[PDB]
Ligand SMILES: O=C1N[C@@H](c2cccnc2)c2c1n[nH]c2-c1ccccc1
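First, one chain by itself in structure tokens, the form deposited without the ligand.
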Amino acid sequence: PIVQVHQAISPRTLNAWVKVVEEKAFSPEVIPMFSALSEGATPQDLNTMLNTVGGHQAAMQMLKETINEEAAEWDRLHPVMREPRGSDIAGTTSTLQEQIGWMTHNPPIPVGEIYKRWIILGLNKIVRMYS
């Protein structure tokens, strides 16, 4: 996350989270916990976390599809320092430096916060699917 500059979530925190998500798989109480954990997150942070958490293969694919759908919608709503496109917000086509750039620009585009809402949309769809 960006702190008072960028620093990775600590390994101890991420590894503990992996176990929490496993124990609480597919339950909605994970969602607010995700929001708390990812305070200040860049898209790079978020992808490291998602990749570390891993989990259920079909669920991961559904999350990915949801993200891609939201990135497409972002491009429709906000066609394009350069401005980020959907894939930049998802951290696919952007660097960590670029993400920090947008997040701290005057005025800013909070690419981490935007990506978080896409991830949360996916997590909610997953909750319903496995309920």
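We number the residues from 1 along the sequence you see. Take the two forms, find the largest set of C-alpha atoms that superpose within 1.5 Å, and that set is the rigid core. Only residues modelled in both forms are compared.
The modelled chain breaks between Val80 and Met81, where 4 to 9 residues of the deposited sequence lack coordinates. Stretches 7 to 15 and 116 to 124 differ in mean C-alpha B factor, with the higher average recorded for 7 to 15. On average the C-alpha atoms of 51 to 59 have higher B-factors than those of the other stretch, with 51 to 59 and 86 to 94 being the two compared. Among the modelled residues of its chain, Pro32 has a C-alpha B-factor that falls in the middle third, as given in the PDB entry.
Per the deposited record, the Cα B-factor of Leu46 falls in the lowest third when ranked against the other modelled residues of its chain. Sort the chain's modelled residues by C-alpha temperature factor and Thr66 lands in the middle third, per the entry. Compared with the other modelled residues of the chain, the Cα B-factor recorded for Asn106 ranks in the highest third.
Although not depicted, the form solved in complex with the ligand is the subject of the following passage.
Though the partner is left out of this view, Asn51 does reach within 4.5 Å of the ligand in the deposited bound form, counting heavy atoms only. Looking at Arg85, you'd find every heavy atom of it more than 4.5 angstroms from the ligand in the deposited bound form.
With a 4.5 Å cutoff on heavy atoms, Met60 counts as touching the ligand in the deposited bound form.
Although the ligand is not shown here, in the deposited bound form the stretch 58 to 77 places heavy atoms of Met60, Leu63, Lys64, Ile67, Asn68 within 4.5 Å of it, in sequence order. In a core-based superposition, a mobile segment is defined as at least three consecutive common residues whose CA atoms each shift by 2 Å or more; between the shown form and the other one, such segments span 15 to 17, 53 to 55.
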